[PDB]
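This report refers to the structure that appears directly beneath it.
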Amino acid sequence: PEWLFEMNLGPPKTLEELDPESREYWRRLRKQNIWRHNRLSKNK
Amino acid sequence: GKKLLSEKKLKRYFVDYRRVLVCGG
Amino acid sequence: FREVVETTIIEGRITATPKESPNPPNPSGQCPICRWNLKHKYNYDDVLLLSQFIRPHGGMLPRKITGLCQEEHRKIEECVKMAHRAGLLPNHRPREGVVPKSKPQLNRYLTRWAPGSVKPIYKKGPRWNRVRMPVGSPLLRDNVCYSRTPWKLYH
Amino acid sequence: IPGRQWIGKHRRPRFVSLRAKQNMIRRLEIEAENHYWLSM
Amino acid sequence: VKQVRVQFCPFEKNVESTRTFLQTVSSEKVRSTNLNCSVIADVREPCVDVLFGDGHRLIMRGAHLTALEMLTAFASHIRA
Amino acid sequence: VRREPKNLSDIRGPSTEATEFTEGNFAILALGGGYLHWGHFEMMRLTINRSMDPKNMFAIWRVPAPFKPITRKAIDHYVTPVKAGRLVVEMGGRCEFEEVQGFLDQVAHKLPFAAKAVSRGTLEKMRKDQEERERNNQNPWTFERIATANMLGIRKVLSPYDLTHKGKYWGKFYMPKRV
Amino acid sequence: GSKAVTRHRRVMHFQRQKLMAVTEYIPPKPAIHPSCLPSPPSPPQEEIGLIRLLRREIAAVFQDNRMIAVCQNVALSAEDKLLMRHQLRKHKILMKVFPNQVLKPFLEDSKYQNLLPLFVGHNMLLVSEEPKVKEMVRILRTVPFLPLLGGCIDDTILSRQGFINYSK
Amino acid sequence: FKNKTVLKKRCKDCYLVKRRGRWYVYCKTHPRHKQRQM
Amino acid sequence: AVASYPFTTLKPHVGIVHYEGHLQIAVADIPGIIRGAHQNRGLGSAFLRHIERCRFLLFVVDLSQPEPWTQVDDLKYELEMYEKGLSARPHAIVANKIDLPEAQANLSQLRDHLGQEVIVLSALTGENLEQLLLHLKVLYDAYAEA
Amino acid sequence: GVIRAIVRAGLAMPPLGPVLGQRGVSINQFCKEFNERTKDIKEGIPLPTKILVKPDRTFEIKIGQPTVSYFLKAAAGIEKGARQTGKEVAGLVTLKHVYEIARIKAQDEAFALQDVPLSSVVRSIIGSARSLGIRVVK
RNA sequence: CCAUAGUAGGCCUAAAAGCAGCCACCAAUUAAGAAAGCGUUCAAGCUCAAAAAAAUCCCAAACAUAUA
Ligand SMILES: [Mg+2]
Ligand SMILES: [Zn+2]
């Protein structure tokens with residue numbers, strides 16, 4: 001299970017690093033959306 | 001006229017210790 | 001329209017739903033007003049036009065249902081308020097068991113504000129800064145006028 | 001108005017009537033012709 | 001308050017009023033409280049029968065009814 | 001060490017300096033002319049620093065430190081003259097307009113002259129609409145034509161500066177609605 | 001007299017004020033208002049990766065899984081959801097749920113077209129590779145309130161009344 | 001009721017109305033949130 | 001406020017006890033104390049400030065615990081940690097929750113260790129409450145006068 | 001009702017007393033149930049569990065697998081977690097053995113790891129592990 | 001438009017389980033934040049994703065609609 005063993009470690013991939021059309025790219029996008037939405041919510 | 005039922009954490013209201021800087025007129 | 005009646009058996013019936021006149025004068029008019037070439041051509045007086053846009057009890061129908069132009073929708077509700085206050089809608093009174101007490105009658109028209117809502121003008125200002133009493137609506141500014149003198153909205 | 005109604009820091013405001021605008025347009029379009037005839 | 005039975009036909013013409021009424025009454029928050037009451041859905045114009053213990057049969061045709069109108073009428077009958 | 005006679009001419013007229021976006025998307029555009037005190041700057045630094053983290057977003061002082069003296073019955077303090085159009089404070093980084101506008105316009109509210117927090121896009125937008133409005137006009141008569149031609153003998157009433165001012169400036173005040 | 005620059009708005013000479021009145025901006029108004037006129041059709045939309053990805057999965061789940069069993073989302077509690085999920089995991093049948101609005105476009109132009117009336121409101125799909133219809137109906141009988149709207153088994157479209165007799 | 005020139009929200013429960021020709025803010029959870037236009 | 005979960009009654013609670021001679025004796029209830037408490041473990045010993053003014057102490061001990069005799073030892077140790085004279089200050093030891101059979105079982109060893117002087121009580125059933133009231137009054141008349 | 005017990009396998013039920021007894025419970029029954037699954041499993045391990053309690057006074061204990069958090073430092077020979085909670089190296093856990101233990105974790109539907117990619121499981125574990133100030137080598 | 005869960009994220013605490021504080025903020029599915037605001041001792045339960053005030057008594061009367 002060499003290929004299965006092969007896995008990314010350390011930092012998660014940013015939008016710049018990441019290739020779009022990826023499933024988890026859109027997960028990250030919505031994460032970021034709700035993050036900055038929550039960040040602006042505190043002010044009001 | 002009725003007294004409001006109190007929460008267990010009423011230490012929020014009740015204070016036993018306070019540092020006060022008093023200044024005269 | 002849908003009606004609900006109690007006998008128990010309750011159900012909805014499409015009893016009677018009216019339809020729009022077959023030949024619109026200006027097709028491609030997005031508004032129902034813009035369609036019939038009425039844009040700046042009615043005020044509070046024109047109750048027949050306004051009767052088509054209101055619920056039986058006197059309240060007004062929403063934009064999505066009535067299909068109204070956004071800018072136009074504000075005009076009708078303003079005209080209808082004035083229409084009510086003038087007393088041109090006696091069959092669209094508010095909905096009971098209790099009887100309303102005898103109240104003074106004062107004939108009014110072109111009434112901008114709710115009549116229990118305006119504080120009396122005790123001290124009016126100087127000539128150069130006088131406090132004036134509103135008449136009619138600003139939304140009705142752009143209506144067709146047949147006189148040189150524009151609509152005086154403040155008295 | 002404390003002092004004179006026309007002069008000083010504080011004074012009773014004036015406003016341009018529709019007639020006073022109309023009058024001024026009449027004068028401006030007269031000198032518009034004047035410009036033309038002194039052009040050639 | 002005793003029994004409720006609902007008939008709706010997705011095979012035939014589809015009306016969502018009774019259909020939406022299902023998930024309103026299939027909630028735990030209502031089912032746990034009304035443990036005495038029993039709910040059954042049937043799939044084959046839609047029919048709602050409420051069999052009260054008070055000797056009342058609430059019969060409702062959910063064709064020309066509003067989603068929430070269904071609930072309001074039911075509420076008025078059960079609460080009394 | 002020199003005292004200056006109060007030359008109010010500095011506040012008059014459009015800003016020709018620091019009217020360019022520099023390594024920043026968001027800035028506060030001055031809509032009027034006034035003198036900034038040190039107190040203003042104190043508030044500026046405090047509010048901006050406490051609002052957004054400097055690691056992700058950066059703020060730039062686009063206005064010089066106060067140096068115009070004020071004489072009071074002898075010189076007491078220093079002020080900064082600003083004409084209408086100067087970007088007072090620049091802001092840049094990986095950020096959005098919607099989330100910055102809030103504190104930015106709030107900070108601009110306290111300013112002695114009228115001002116607006118604007119992006120690059122929004123600033124350029126309003127420049128475009130103004131210059132569209134002037135060619136779009138349905139009035140034959142502009143202040144420009146009359147003033148320059150000396151049409152009604154209007155120069156008797158007008159100032160020499162008015163010809164340059166296009167009638168858009170009146171004292172320390174800038175009128176954007178004026179064409 | 002006063003200075004040319006003031007802290008307050010200076011009062012103008014009347015002549016100058018008359019000038020300001022005359023040289024005001026006039027906006028052009030068209031004979032026919034542009035908002036009331038029919039709009040040009042909107043420029044064609046850009047297909048987002050979201051709907052493209054979703055496109056792939058729904059196409060895949062329909063093509064690969066021979067049977068699709070449509071049942072109304074009954075909003076069952078997590079406590080009661082687990083047992084159903086575990087029962088189906090033992091029977092190697094998995095659950096699929098999608099928004100109705102994004103489900104519509106496919107069902108417009110596919111092998112399955114007649115399920116568009118079925119797919120109104122909240123709905124989930126029982127998908128497998130084996131036609132264990134008996135197991136599906138068996139676990140359905142457990143909860144009376146929960147209905148089955150039908151769907152298709154072995155690429156043949158049918159409702160509940162057909163599915164019950166097919167189970168044998 | 002607190003007199004405020006500009007009216008704000010302090011809650012989700014908090015709601016605006018126009019009564020007697022002025023804006024008000026009413027609040028059932030926290031009646032301290034009440035505001036009156038001046 | 002009374003509940004099964006520990007660390008209740010955070011605020012000190014005063015109730016007075018009426019008597020026939022038109023005199024009132026005030027009794028204070030403070031939150032639970034723990035062995036240590038000098039390292040601010042638990043709720044600490046901050047609430048102990050009231051007890052300085054209190055003329056005498058009520059050592060309330062639960063019999064649910066296997067060794068209730070060690071309870072008073074821990075209490076006297078922690079009071080000493082706060083203030084030296086508090087340990088030497090006069091008191092009464094009161095046992096609670098005796099309606100439970102395990103308390104009745106451990107009662108014998110309580111008599112062995114603590115002695116007869118300790119008064120045994122139930123709060124829920126109000127068992128032997130009267131002896132408490134006698135003891136409260138007697139301690140008052142002893143060293144709360146002059 | 002949902003009830004969670006995070007107690008070592010070789011340990012009995014007093015704090016759980018009020019927590020579970022707020023609805024009135026035979027605590028002895030729960031203790032017996034918990035201690036029954038201690039003997040068959042390897043000794044010296046905590047057993048975080050997810051018990052279910054129905055209103056008809058019935059127990060539905062789900063033993064499943066202990067928390068991943070423990071399993072990060074379990075085979076290391078240390079019994080203390082990350083105080084710093086990141087930005088540090090406290091666990092010198094070998095990546096090879098980390099892979100091995102990650103593989104031997106996902107065998108239960110209690111954790112609801114129904115994903116056929118074991119690679120997806122391990123990267124989720126890495127996401128868990130980054131919370132702790134640990135490191136993986138070789 | 002909306003569901004579960006690695007997970008009471010961990011540490012400090014007598015317990016802080018999303019919400020005492022601090023650090024990390026990744027990550028399963030296809031389908032929301034190691035949670036933006038409520039609520040619990042802790043849990044459980046909820047939601048969200050456009051200004052003006054003073055002193056004898058307000059101060060023309062009035063009016064929106066007949067073609068410069
Ligand atoms: Mg939201
Ligand atoms: Zn509120």
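Residue numbering restarts at 1 for every chain of the structure tokens, chains are lettered A, B, ... in their displayed order, and ligands are numbered from 1 as they appear.
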What does the list of residues within 12 Å of ligand 1 look like if you count only C-alpha atoms (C1' of nucleotides) and all ligand atoms, written as a count of residues only? 14
Could you pull out all residues of chain H with a DSSP call of strand (DSSP E) and give them as a list in words?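 So, restricting chain H to strand (DSSP E), we get residues 2, 3, 4, 15, 16, 17, 18, 19, 22, 23, 24, 25, 26, 35, 36 and 37 of chain H.
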Can you pull out every residue with an atom within 7 Å of ligand 2? Use only C-alpha atoms (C1' of nucleotides) and all ligand atoms and format it as a PyMOL selection string. chain H and resi 10-15+26-30+33
Please determine the contact residues of chain G with respect to chain A at a cut-off of 12 Å, counting only C-alpha atoms, and supply them as a PyMOL selection string. chain G and resi 47-54+56-57
Limited to N, CA and C atoms, could you put the picked residues into a file as a PDB file, in the first residue's frame?
```pdb
ATOM      1  N   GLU G  47     -20.504  28.378 -16.342  1.00  0.00           N
ATOM      2  CA  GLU G  47     -20.714  27.143 -15.602  1.00  0.00           C
ATOM      3  C   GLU G  47     -19.616  27.003 -14.551  1.00  0.00           C
ATOM      4  N   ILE G  48     -20.038  27.027 -13.280  1.00  0.00           N
ATOM      5  CA  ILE G  48     -19.149  26.967 -12.130  1.00  0.00           C
ATOM      6  C   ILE G  48     -18.717  25.514 -11.930  1.00  0.00           C
ATOM      7  N   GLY G  49     -17.569  25.336 -11.263  1.00  0.00           N
ATOM      8  CA  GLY G  49     -17.024  24.028 -10.933  1.00  0.00           C
ATOM      9  C   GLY G  49     -17.914  23.242  -9.973  1.00  0.00           C
ATOM     10  N   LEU G  50     -18.680  23.967  -9.141  1.00  0.00           N
ATOM     11  CA  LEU G  50     -19.618  23.394  -8.186  1.00  0.00           C
ATOM     12  C   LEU G  50     -20.636  22.513  -8.907  1.00  0.00           C
ATOM     13  N   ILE G  51     -21.324  23.103  -9.894  1.00  0.00           N
ATOM     14  CA  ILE G  51     -22.422  22.458 -10.601  1.00  0.00           C
ATOM     15  C   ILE G  51     -21.882  21.416 -11.579  1.00  0.00           C
ATOM     16  N   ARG G  52     -20.649  21.631 -12.060  1.00  0.00           N
ATOM     17  CA  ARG G  52     -19.957  20.698 -12.937  1.00  0.00           C
ATOM     18  C   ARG G  52     -19.593  19.424 -12.177  1.00  0.00           C
ATOM     19  N   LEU G  53     -18.992  19.585 -10.988  1.00  0.00           N
ATOM     20  CA  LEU G  53     -18.617  18.471 -10.128  1.00  0.00           C
ATOM     21  C   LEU G  53     -19.864  17.663  -9.773  1.00  0.00           C
ATOM     22  N   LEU G  54     -20.895  18.371  -9.290  1.00  0.00           N
ATOM     23  CA  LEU G  54     -22.187  17.817  -8.916  1.00  0.00           C
ATOM     24  C   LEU G  54     -22.812  17.082 -10.102  1.00  0.00           C
ATOM     25  N   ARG G  56     -21.213  15.490 -12.480  1.00  0.00           N
ATOM     26  CA  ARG G  56     -20.480  14.243 -12.630  1.00  0.00           C
ATOM     27  C   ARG G  56     -21.027  13.176 -11.682  1.00  0.00           C
ATOM     28  N   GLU G  57     -21.194  13.541 -10.401  1.00  0.00           N
ATOM     29  CA  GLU G  57     -21.554  12.608  -9.341  1.00  0.00           C
ATOM     30  C   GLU G  57     -22.952  12.036  -9.563  1.00  0.00           C
TER      31      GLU G  57
END
```
Chain I residues near chain J (12 Å cut-off, only C-alpha atoms) as a PyMOL selection string: chain I and resi 3-6+64-65
Nearby residues (only C-alpha atoms (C1' of nucleotides)) at most 12 Å from residue 18 (chain D), same-chain spacing under 3 positions excluded, as a PyMOL selection string: (chain C and resi 148-150) or (chain D and resi 15+21-25) or (chain G and resi 18+21-22)
Name the residues in contact with residue 43 (chain E) at a cut-off of 7 Å, using only C-alpha atoms (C1' of nucleotides), excluding same-chain residues fewer than 5 positions from it; report them as a VMD selection string. (chain E and resid 7 to 9) or (chain G and resid 147 149)
Export N, CA and C atoms of the chosen residues as an mmCIF file, in the first residue's frame?
```
data_model
loop_
_atom_site.group_PDB
_atom_site.id
_atom_site.type_symbol
_atom_site.label_atom_id
_atom_site.label_comp_id
_atom_site.auth_asym_id
_atom_site.auth_seq_id
_atom_site.Cartn_x
_atom_site.Cartn_y
_atom_site.Cartn_z
ATOM 1 N N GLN E 7 -53.648 10.542 2.740
ATOM 2 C CA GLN E 7 -53.563 9.901 1.438
ATOM 3 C C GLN E 7 -53.123 10.943 0.413
ATOM 4 N N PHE E 8 -52.011 10.656 -0.273
ATOM 5 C CA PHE E 8 -51.502 11.500 -1.342
ATOM 6 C C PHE E 8 -50.991 10.624 -2.482
ATOM 7 N N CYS E 9 -51.129 11.138 -3.711
ATOM 8 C CA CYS E 9 -50.916 10.355 -4.918
ATOM 9 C C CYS E 9 -49.854 11.017 -5.800
ATOM 10 N N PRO G 147 -42.861 7.401 4.020
ATOM 11 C CA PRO G 147 -43.368 6.873 2.751
ATOM 12 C C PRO G 147 -42.309 6.597 1.683
ATOM 13 N N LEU G 149 -41.947 6.744 -2.537
ATOM 14 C CA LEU G 149 -42.544 7.379 -3.702
ATOM 15 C C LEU G 149 -42.316 6.528 -4.950
#
```
In terms of only C-alpha atoms, the residue from E:10, E:74, E:58, E:52 at minimal distance from residue 150 (chain G) is E:10
Check: which chain H residues lie within 12 Å of chain C using only C-alpha atoms, as number ranges by chain: H: 18-22
Got time to write the residues from that selection, N, CA, C and O atoms, as a tab-separated table (two decimals), in the first residue's frame?
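File written: out.tsv
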```tsv
chain	number	residue	atom	x	y	z
H	18	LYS	N	-42.76	52.05	13.04
H	18	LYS	CA	-43.04	53.48	12.97
H	18	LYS	C	-44.39	53.75	13.63
H	18	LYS	O	-45.44	53.49	13.04
H	19	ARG	N	-44.34	54.27	14.86
H	19	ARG	CA	-45.54	54.59	15.62
H	19	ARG	C	-45.56	56.08	15.92
H	19	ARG	O	-44.51	56.69	16.14
H	20	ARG	N	-46.76	56.66	15.90
H	20	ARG	CA	-47.02	58.06	16.23
H	20	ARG	C	-46.11	58.99	15.42
H	20	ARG	O	-45.83	60.11	15.84
H	21	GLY	N	-45.67	58.52	14.25
H	21	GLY	CA	-44.91	59.32	13.31
H	21	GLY	C	-43.43	59.43	13.68
H	21	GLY	O	-42.77	60.36	13.24
H	22	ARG	N	-42.93	58.47	14.49
H	22	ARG	CA	-41.52	58.33	14.81
H	22	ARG	C	-41.11	56.86	14.84
H	22	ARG	O	-41.95	55.98	14.99
```
Cut-off 9 Å: closest chain F/chain A atom pairs per residue, using only C-alpha atoms, as a Markdown table:
```
| residue | atom | partner | partner_atom | distance |
| --- | --- | --- | --- | --- |
| F:98 | CA | A:40 | CA | 8.7 |
| F:99 | CA | A:40 | CA | 5.9 |
| F:100 | CA | A:40 | CA | 8.9 |
| F:102 | CA | A:43 | CA | 8.3 |
| F:103 | CA | A:43 | CA | 8.7 |
```
Please save C-alpha atoms of the selected residues as a short mmCIF file (atom, residue, chain, number, x, y, z; two decimals), in the first residue's frame.
```cif
data_model
loop_
_atom_site.label_atom_id
_atom_site.label_comp_id
_atom_site.auth_asym_id
_atom_site.auth_seq_id
_atom_site.Cartn_x
_atom_site.Cartn_y
_atom_site.Cartn_z
CA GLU F 98 -17.13 45.09 2.26
CA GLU F 99 -15.22 44.18 5.44
CA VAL F 100 -12.99 47.29 5.52
CA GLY F 102 -17.20 49.76 8.07
CA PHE F 103 -14.30 50.97 10.25
#
```
Residues of chain G near chain F: apply a cut-off of 7 Å, count only C-alpha atoms, and supply the list as a PyMOL selection string. chain G and resi 4-6+15-16+23-28
Test item: chain E residues at most 7 Å from chain C, counting only C-alpha atoms, as an NGL selection string: :E and (57-61 or 63-65)
Please produce an output containing C-alpha atoms for each residue in the selection, written as a PDB file, in the first residue's frame.
```
ATOM      1  CA  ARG E  57     -63.766  13.428  12.124  1.00  0.00           C
ATOM      2  CA  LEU E  58     -61.573  16.214  10.725  1.00  0.00           C
ATOM      3  CA  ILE E  59     -61.792  15.670   6.964  1.00  0.00           C
ATOM      4  CA  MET E  60     -59.628  17.955   4.825  1.00  0.00           C
ATOM      5  CA  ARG E  61     -58.896  18.176   1.088  1.00  0.00           C
ATOM      6  CA  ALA E  63     -55.533  20.237  -2.997  1.00  0.00           C
ATOM      7  CA  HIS E  64     -56.426  23.933  -2.714  1.00  0.00           C
ATOM      8  CA  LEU E  65     -54.945  24.464   0.753  1.00  0.00           C
TER       9      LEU E  65
END
```
Rounded to one decimal, what separation in Å do you get between CA of residue 35 (chain J) and CA of residue 56 (chain J)? 23.0 Å
Need to verify the contact set: residue 163 (chain G), 9 Å, only C-alpha atoms (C1' of nucleotides), exclusion of same-chain residues closer than 3 positions in sequence. Can you return it as a list in words?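 That gives residues 133, 134, 137, 150, 153, 158, 159, 160, 166 and 167 of chain G.
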Give the residues of chain G that lie within 6 Å of chain E; count only C-alpha atoms, and format the answer as a ChimeraX atom specification. /G:74,144-145
Might you pull out every residue within 9 Å of residue 17 (chain E), with only C-alpha atoms (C1' of nucleotides) counted and same-chain residues fewer than 6 positions away left off, and present them as a list in words?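 Selected residues are residues 46, 62, 63, 64, 65, 66, 67, 68, 69 and 70 of chain E.
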Let me see the file: selected residues, N, CA, C and O atoms, as an mmCIF file, in the first residue's frame.
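File written: selection36.cif
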```cif
data_model
loop_
_atom_site.group_PDB
_atom_site.id
_atom_site.type_symbol
_atom_site.label_atom_id
_atom_site.label_comp_id
_atom_site.auth_asym_id
_atom_site.auth_seq_id
_atom_site.Cartn_x
_atom_site.Cartn_y
_atom_site.Cartn_z
ATOM 1 N N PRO E 46 -55.757 14.844 -2.702
ATOM 2 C CA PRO E 46 -55.276 14.261 -1.446
ATOM 3 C C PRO E 46 -56.278 14.369 -0.298
ATOM 4 O O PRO E 46 -57.086 15.297 -0.259
ATOM 5 N N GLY E 62 -56.534 18.586 0.707
ATOM 6 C CA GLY E 62 -55.297 19.353 0.712
ATOM 7 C C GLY E 62 -54.876 19.845 -0.670
ATOM 8 O O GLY E 62 -53.735 20.267 -0.846
ATOM 9 N N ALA E 63 -55.801 19.794 -1.638
ATOM 10 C CA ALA E 63 -55.533 20.237 -2.997
ATOM 11 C C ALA E 63 -55.353 21.753 -3.018
ATOM 12 O O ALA E 63 -54.256 22.241 -3.283
ATOM 13 N N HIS E 64 -56.434 22.479 -2.708
ATOM 14 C CA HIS E 64 -56.426 23.933 -2.714
ATOM 15 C C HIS E 64 -56.300 24.459 -1.285
ATOM 16 O O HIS E 64 -57.091 25.299 -0.853
ATOM 17 N N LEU E 65 -55.295 23.949 -0.561
ATOM 18 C CA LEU E 65 -54.945 24.464 0.753
ATOM 19 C C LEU E 65 -53.490 24.924 0.752
ATOM 20 O O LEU E 65 -52.650 24.343 0.068
ATOM 21 N N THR E 66 -53.220 25.984 1.522
ATOM 22 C CA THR E 66 -51.868 26.464 1.748
ATOM 23 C C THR E 66 -51.176 25.520 2.729
ATOM 24 O O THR E 66 -51.830 24.918 3.580
ATOM 25 N N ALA E 67 -49.851 25.404 2.574
ATOM 26 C CA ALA E 67 -48.976 24.587 3.402
ATOM 27 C C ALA E 67 -49.258 24.820 4.887
ATOM 28 O O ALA E 67 -49.550 23.874 5.616
ATOM 29 N N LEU E 68 -49.190 26.091 5.305
ATOM 30 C CA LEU E 68 -49.332 26.481 6.700
ATOM 31 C C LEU E 68 -50.805 26.548 7.100
ATOM 32 O O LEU E 68 -51.119 26.417 8.281
ATOM 33 N N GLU E 69 -51.690 26.753 6.111
ATOM 34 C CA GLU E 69 -53.132 26.810 6.318
ATOM 35 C C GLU E 69 -53.635 25.465 6.838
ATOM 36 O O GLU E 69 -54.512 25.418 7.702
ATOM 37 N N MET E 70 -53.059 24.387 6.290
ATOM 38 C CA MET E 70 -53.294 23.020 6.724
ATOM 39 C C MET E 70 -53.042 22.907 8.229
ATOM 40 O O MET E 70 -53.892 22.402 8.965
#
```
Can you tell me, as a list in words, what residues are no more than 12 Å from residue 11 (chain B) when counting only C-alpha atoms (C1' of nucleotides), ignoring any on the same chain fewer than 6 positions away? residues 17 of chain B; 8, 9, 10, 11, 12, 13, 31 and 47 of chain I
